[PDB]
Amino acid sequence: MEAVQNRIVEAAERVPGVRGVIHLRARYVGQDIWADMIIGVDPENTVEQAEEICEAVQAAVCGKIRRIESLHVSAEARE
């Protein structure tokens, strides 16, 4: 699982506006991965922008890691 988690974090960090992965929980559901993630974002981004970044992370991570079949992304302000 470490290898898949590393891939998830790297993919997320390369999305514009991500200020780190604060939390990542991944688990196997059969051979599929289901995951829950919290990203940091600029505290001065709007809520709408933060939700855009979260959606962009979901697209990037799911696009890169084919075994993921569920990914929920939320955001917190981070310096």
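From 1 onward, residues are counted along the sequence shown.
J.: Which third of the chain holds residue 40 when residues are ordered by C-alpha B factor: lowest, middle or highest?
T.: Its C-alpha B-factor belongs to the lowest third of this chain's values.
J.: Rank-wise, by C-alpha B-factor, drop residue 8 into the lowest, middle or highest third of its chain.
T.: It belongs to the middle third of the chain when residues are ordered by C-alpha B-factor.
J.: Ranked by Cα temperature factor within the chain, is residue 22 in the lowest third, the middle third or the highest third?
T.: It belongs to the lowest third of the chain when residues are ordered by C-alpha B-factor.
J.: Among all modelled residues of this chain, ranked by Cα B factor, put residue 75 in the bottom, middle or top third, i.e. lowest, middle or highest.
T.: Bottom third by C-alpha B-factor.
J.: Taking the values exactly as deposited, rank residue 47 by C-alpha B-factor within its chain and report the matching third: lowest, middle or highest.
T.: Middle third - that is where residue 47 ends up once the chain's C-alpha B-factors are sorted.
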